[PDB]
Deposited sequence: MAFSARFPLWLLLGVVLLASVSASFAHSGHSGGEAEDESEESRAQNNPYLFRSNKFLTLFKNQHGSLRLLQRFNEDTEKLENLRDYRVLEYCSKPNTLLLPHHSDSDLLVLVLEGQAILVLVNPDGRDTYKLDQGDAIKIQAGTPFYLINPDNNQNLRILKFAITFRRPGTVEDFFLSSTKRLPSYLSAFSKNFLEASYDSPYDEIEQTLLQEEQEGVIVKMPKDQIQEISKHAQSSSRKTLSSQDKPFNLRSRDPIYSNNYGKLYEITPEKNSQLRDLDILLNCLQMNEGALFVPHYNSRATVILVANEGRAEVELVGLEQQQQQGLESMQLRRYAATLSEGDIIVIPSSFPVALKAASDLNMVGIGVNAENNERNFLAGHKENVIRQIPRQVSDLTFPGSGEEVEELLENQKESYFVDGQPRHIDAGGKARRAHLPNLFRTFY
């Protein structure tokens, strides 16, 4: 029915216990041919309660992690040392494939909600995580090496090894903290569109190094109840829109001619293909996050509103031949709307 809509019920549970959970969105091109260009990306969601730890592991994919709610302490381990980063809501950072890391929710009363965008390359569309410790689910990967191999490697009898490293200590991979380059924020720059109905912050590869290698753009959208983000479309970027807070009424048009409309609730996701005109209304105060792939050189073209409206650049004789009304009639209509980008949805 509507191939660009991914409701939260379409995420799959990798792990869940009383301290948090890890879910993975179904493959973008799982049951549609329309999203072939997104086959190398996977979206994950990590949520954990206070004073919890996600145990050390490395992923086989490059990850872009965004703190959607809360605060976290992220530790990146290298062969020669380690890097510790304190993440705030709205903070983003790229964890390269193969870097072991663990995450901590240090807050005493706030939950951690993190969005992980995965860019796969080893096996297109597949993300694997290698955890160092054994648990109910799965034994430590170190455990699959032969005794001989292990004994020689560490230079200790198998005994010391299976007791100090391989034995199952914890139950899951999210555990309770024993009861005793750099990240960037999506709001570190003025918004690009900002008025009394809405605000849009956006970081593009041309301005940020970590995004430059991924060819990804990131954006933070906030709108007031009843406001409307007017019909527009992206020239190059296909955008994965994530509903963070609030409810949104989204209308997407694509090519015979189809209208895909839906109301997104927190957790829901809608993918906006490059070139498709789209518009959305804040059915309530809302915040959304957007990840745009194929981002280099994207341009947003507006179809309504005063500023950046392409329809307003079409000359009169052309517009006369283009639309029903006369040149003067169309040019006036396009003037009625005084506001740009975000308008009143009343």
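Mapping the modelled residues onto the deposited sequence reveals missing stretches at 1-45, 226-245, 321-331, 423-445.
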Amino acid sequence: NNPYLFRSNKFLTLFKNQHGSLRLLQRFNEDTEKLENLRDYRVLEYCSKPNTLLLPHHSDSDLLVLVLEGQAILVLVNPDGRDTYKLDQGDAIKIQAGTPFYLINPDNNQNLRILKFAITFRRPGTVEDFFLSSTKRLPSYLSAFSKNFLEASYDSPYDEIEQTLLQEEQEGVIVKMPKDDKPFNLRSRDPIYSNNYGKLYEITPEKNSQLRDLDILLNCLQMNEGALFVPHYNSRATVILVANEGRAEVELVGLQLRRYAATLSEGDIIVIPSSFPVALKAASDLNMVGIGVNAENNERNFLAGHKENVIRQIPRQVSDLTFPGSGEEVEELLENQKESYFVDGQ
From here on, numbers count along this sequence of modelled residues.
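Heads up, when I say rigid core I mean the largest set of C-alphas that superpose within 1.5 Å between the two forms.
After superposing on the rigid core, the larger RMS C-alpha deviation in 4 other deposited structures of this protein belongs to 164-172, the other candidate being whichever of 164-172 and 79-87 remains. Two stretches are in play, 327-335 and 9-17, and the higher mean C-alpha B-factor belongs to 327-335. Note on 256-264 vs 85-93: mean CA B-factor is higher in 256-264. For the set 80, 202, 215, 129, the maximum C-alpha B-factor listed in the entry falls on 80. Between the residues 189, 232, 116, 123, it is 189 that shows the highest Cα B-factor in the PDB record.
For residue 210, the recorded CA B-factor ranks within the middle third of the chain. Only modelled residues enter the ranking. Among all modelled residues in this chain, the alpha-carbon of residue 143 has a temperature factor (C-alpha) in the middle third.
Ranked against the other modelled residues of its chain, the C-alpha B-factor of residue 51 as given in the entry falls in the middle third. Sort the chain's modelled residues by C-alpha temperature factor and residue 297 lands in the middle third, per the entry. Residue-level temperature factors show residue 242 in the lowest third of its chain, judged at the C-alpha atom.
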